[PDB]
């Protein structure tokens, strides 16, 4: 796993340029390779042995899940201590959702592609749980194709993506149904181009209500694609069901999201 990863000295990089902010991420040019890469640096003053080993474990999990819809990893830098990855020109889904209204065919393709990447992770032996999926992690290339990132918590404003069973049970064991819930909240963001619970001031009250089956407000059926929109709303609702075992698998999810992209 960690054998094929390279070590980068910072002299190989140039034109450092912020994109993140967690840990500052930079678009860097590799001068010899004549292409761009992304480097996530440490957020601290001194990077001890815990970080170095965590950053390595994060790298190795990315290499383990090498796939079309998963962000590629190249290696670790030591000069500044950072993780060296593929650069994606368009950036996060969060930024894209805030920038302008997106055509529905693209919305459906983003959801499908995200679902296919998540399904890949869950098909691994053993399954790889993402556990941090949100629009800030979902990256888009120059032609708006998805690659999933952020494997730092794999095995703040993130309360909205947290399953209700994680609020009910102190230290429940993580499972595939955690990711399925988060994916539902990702769908809601694609449907509305809004952030979930943006209006609400009482963070705790909403968390308590969520344990009883409270969710982001259902959007209306859209005009341009009312059948597919209705179908996606329904799928979203099953994916955010209060009972984890009623929620669909990503095998079942991908079958359905694929049909939304047909025609």
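Positions refer to the first chain, counted from 1.
Missing deposited residues between residue 251 and residue 252: none, as the chain runs unbroken there. According to the record, the deposited sequence contains 10 or more residues between residue 155 and residue 156 that were left without coordinates.
Of the two segments, 108-116 and 167-175, the one listed with the higher mean B-factor is 167-175 (C-alpha atoms only). Set 186-194 against 70-78 and average the Cα temperature factors; 70-78 ends up higher. The residue among 207, 235, 229, 218 whose C-alpha atom has the highest B-factor in the PDB entry is 207. Compared with the other modelled residues of the chain, the Cα B-factor recorded for residue 256 ranks in the lowest third. Placement of the Cα temperature factor of residue 125 within the chain: highest third of the modelled residues, per the deposited record.
The PDB entry assigns residue 52 a C-alpha temperature factor belonging to the highest third of its chain's modelled residues.
Residue-level temperature factors show residue 150 in the middle third of its chain, judged at the C-alpha atom.
Per the deposited record, the Cα B-factor of residue 14 falls in the middle third when ranked against the other modelled residues of its chain.
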